[PDB]
Amino acid sequence: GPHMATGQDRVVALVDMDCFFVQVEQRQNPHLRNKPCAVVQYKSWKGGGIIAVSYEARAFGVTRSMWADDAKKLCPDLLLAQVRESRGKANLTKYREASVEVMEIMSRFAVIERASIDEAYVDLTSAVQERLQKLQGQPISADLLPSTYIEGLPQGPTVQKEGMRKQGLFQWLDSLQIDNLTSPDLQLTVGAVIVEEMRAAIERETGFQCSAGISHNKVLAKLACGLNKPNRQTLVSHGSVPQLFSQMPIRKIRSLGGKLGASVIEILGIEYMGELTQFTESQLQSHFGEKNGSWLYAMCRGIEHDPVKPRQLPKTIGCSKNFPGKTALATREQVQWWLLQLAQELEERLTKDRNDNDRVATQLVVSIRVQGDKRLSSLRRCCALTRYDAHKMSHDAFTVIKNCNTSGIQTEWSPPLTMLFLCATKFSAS
DNA sequence: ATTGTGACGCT
DNA sequence: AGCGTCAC
Ligand SMILES: Nc1ncnc2c1ncn2[C@H]1C[C@H](O)[C@@H](COP(=O)(O)NP(=O)(O)OP(=O)(O)O)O1
Ligand SMILES: [Mg+2]
Ligand SMILES: [Mg+2]
């Protein structure tokens, strides 16, 4: 009772841009705005691969990983924007620079952890304490939360979406104990006010819309964020967790979407997150290891301790290209030319990074895939990165991988290569 | 013939 | 260090 921790010590938000690469292209080209449209990589094979889809186009069934020719079968009027190509490969610079725009705005409000090109976690605990003392016990108006959903509400004793949203918000606000600056539900609510302000600033200053989750930890904030995408934010309280988890498939929780989550389902004979509460911590550790078992025991109760790391910049800078089917690289000149292409893009990005961010990479990772291997990477080897020079970097990468050529004659490369990858890592201040 | 990223865990 | 998992 009194000594049972409840995981209500922090306020954590997760901000995720809505159809991000699409919004970047729609900002640039107004003809694409408010249309079914998608962003595509390459074009020659089946029209190119779709990597981002506007919500208008999703209504027709268009998804990421679809070929554009097939997407056009579902949506004949689909508009397409193409990823830029440079040195023979897709170049994501426009989206990385748009991401920096958003992350720099978010960093004005709190320390952020860059989780991907379009999402960041925010630790709002301190900002919430400050705003609470500035308030001085004043109630929180629903006008301060114009895009917020309270998960699980309304409940108890209108048929339009916005009406239900406001009904649930009213129920939440009416029950709130504003006199108590240590109430976790009040703390979440103030967190949600701040996240409204943050999202308004992102939209005002970039044109981009986003969704957000506000809860007590990263896993619940991420789950909350997706509950009412797009252009809305969702508060998941500690009290909402039993009902939310009671019908939540295990695979929806971050880190359980793969083999471990399938083994939880298989070994325990359960389907939903909340069913995990019936096992002891030792039982879960016996099946899934000490770390995973303790994590699952706490997470199915809504408790998680993973901190929002103070890290706004990526810690690796990488460049990779697949060479599928008959395009696999089969000569030494081919392998050299593409390592050079990858190394030149890497040198551009690394020089810009050193100027912007006062750091230098010190290790170069070289990874390849051979034809016939079903694994993503087939070989990874490291070497020293001492100079931001594309020819040196590509020569060094070749020296580290040259022994995997099974061919007798040097001029040929066998078995052919289906992926090349260069990654700069191990940054030091400069 | 998804592709091009990126973080972290295990041994 | 090199390999594997998981997520964008
Ligand atoms: N598998 C992949 N391969 C390449 N690029 C990808 C990718 N997945 C995502 N991207 C790129 C394209 C995406 O625009 C961007 C952000 O990924 P999301 O947040 O998962 N998807 P979005 O923001 O589009 O829609 P939503 O409103 O559901 O958040 O990363
Ligand atoms: Mg997104
Ligand atoms: Mg995202």
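Basis for what follows: all heavy atoms, side chains included, without hydrogens, waters or symmetry-related copies. In what follows, chains are A, B, ... by sequence order, proteins preceding strands, each numbered from 1.
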*Step through it carefully: locate the ring centre of A:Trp338, locate the ring centre of A:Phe323, and say whether they are under 6.0 Å apart.*
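Yes, close enough.
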
Distance check: side-chain N/O of [X] vs OP1/OP2 of [N], anything under 4.0 Å?
X        : N     : result
A:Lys252 : C:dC6 : no
A:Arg254 : C:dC8 : yes
A:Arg369 : C:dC3 : no
A:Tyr42  : B:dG4 : yes

*ring pair (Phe, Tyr, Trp, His ring centres under 6.0 Å) against A:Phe20, all qualifying residues, sequence neighbours excluded*: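 Once residues adjacent in sequence are excluded, the partners of A:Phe20 under the ring pair (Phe, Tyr, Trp, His ring centres under 6.0 Å) criterion are A:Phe208.
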
*Taking only residues two or more places apart in sequence or in another chain, which ones pass ring pair (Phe, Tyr, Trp, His ring centres under 6.0 Å) with A:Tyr95?*
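Per chain and number, A:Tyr95 pairs via ring pair (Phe, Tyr, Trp, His ring centres under 6.0 Å) with A:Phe21.
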
*Could you give the CG-to-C1' distance, from A:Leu92 to B:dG4, as a whole number of Å?*
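Rounded to whole Å, this separation is 6 Å.
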
Measuring from the side chain of [X] (C-beta onward, heavy atoms only), which nucleotide among [options] has the closest atom?
X        : options             : answer
A:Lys321 : B:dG4, C:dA1, B:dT3 : B:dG4
A:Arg114 : B:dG6, B:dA1, C:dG4 : B:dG6
A:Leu260 : C:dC6, B:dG4, C:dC3 : C:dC6

_Strictly by salt bridge (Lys or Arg N to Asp or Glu O under 4.0 Å), give each pair with a member in residues 10-23 of chain A just once, sequence neighbours left out._
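For residues 10-23 of chain A, and leaving out neighbouring residues, the salt bridge (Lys or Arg N to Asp or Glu O under 4.0 Å) pairs sorted by first residue read A:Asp16-A:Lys222, A:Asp16-A:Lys229, A:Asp18-A:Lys229.
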
*With sequence neighbours left out, what residues match A:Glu197 under salt bridge (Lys or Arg N to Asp or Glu O under 4.0 Å)?*
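Salt bridge (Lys or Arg N to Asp or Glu O under 4.0 Å) check on A:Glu197 returns A:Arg131.
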
So which protein nitrogen or oxygen atoms get under 3.5 Å of nucleotides 9-11 of chain B's nitrogens or oxygens?
none

Pairs under 3.5 angstrom only: tabulate donor-acceptor contacts from the side chains of residues 423-430 of chain A to other protein residues two or more places apart or in another chain.
from     : atom 1 : to       : atom 2 : distance (Å)
A:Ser430 : OG     : A:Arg359 : N      : 3.2

